[PDB]
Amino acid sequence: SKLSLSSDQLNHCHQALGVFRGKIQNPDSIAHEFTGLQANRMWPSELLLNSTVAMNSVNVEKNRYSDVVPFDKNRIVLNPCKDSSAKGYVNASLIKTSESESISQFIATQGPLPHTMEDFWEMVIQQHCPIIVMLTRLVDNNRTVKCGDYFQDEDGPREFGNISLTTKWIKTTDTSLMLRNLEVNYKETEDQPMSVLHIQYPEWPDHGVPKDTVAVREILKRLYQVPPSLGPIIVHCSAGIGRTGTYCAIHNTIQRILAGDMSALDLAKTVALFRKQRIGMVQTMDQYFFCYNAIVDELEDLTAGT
């Protein structure tokens, strides 16, 4: 829970901090950026041509929301998959800005449905994802289900067709995170099972923002240590675009500043790139402001006492 930065990295964090802090001091500039992103949005009819597999009659019931689907160009494919007519379909998108051993790639995905939980765990195994970031409750206070329980094993070991799941431990933090060390494998015990750290945050409301940036920044602080080469970080909420896109923007921006990518200072450009990779990433102007506040707060931590 402390980073040793090089002189280069500290200079880049100071340079970024002055820019992002100047943006928060001129909030009209941030509002203007988000209004511009919304003016340049993709319209739903475009999905009929760029997201054909998601919109297939065989796959429509595998989508939590009819207008939040991955593009064909970067959807995550199950390979092998039990049904060739499905073309390996899971509602999941590769989010990748850079080809650097220092910059994580993400899988942005929807909160799993009861009938897509085997698909989800098959994706985790096939992509060897070391981390799951979960940014939703299962059910909201209006009593709407937002995500299925694909991970609790209080009754006994969970099974998903050919896949078994077991919890090694559960640990909480002071900032309300729930840390679950999970073990997943196929029932044919060819090799040792796979370890996945599951991080759940229940205090980020749907289409809203946390009251402060501390819990979200603790997720990033715990993941600084995880080598990007271990595999994609799964990030999901309910649709996998609003809270998911906001978290990805904070994580990706900080990593790219630390890696020396000047373009990370243009958060609007990052969000536009994310939107070319999954429709609607970062849903609200409050979420866009929260990105700026979290990035400033984290850059203040990274440069403290320098």
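A residue's number is simply how far along the shown sequence it sits, counting from 1.
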Q) Given the B-factors recorded for C-alpha atoms, which segment has the greater mean, 74-82 or 139-147? A) 139-147
**Q.** Mean C-alpha temperature factor, higher of 186-194 and 116-124
**A.** 186-194
Q: From the list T109, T213, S98, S176, select the residue with the highest C-alpha B factor recorded in the entry.
A: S176
Q) Taking the Cα B-factors listed in the entry, which of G208, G156, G231, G88 comes out highest? A) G156
Q: Grab the CA temperature factor for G242 from the record and place it in the lowest, middle or highest third of its chain.
A: lowest
Q) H236's Cα B-factor: lowest, middle or highest third of the chain? A) lowest
Q. Among the modelled residues of its chain, does the C-alpha B-factor of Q9 lie in the lowest, middle or highest third?
A. highest
Q: Grab the CA temperature factor for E61 from the record and place it in the lowest, middle or highest third of its chain.
A: highest
Q | Assigned third (lowest, middle, highest) for the C-alpha B factor of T166 | A | highest
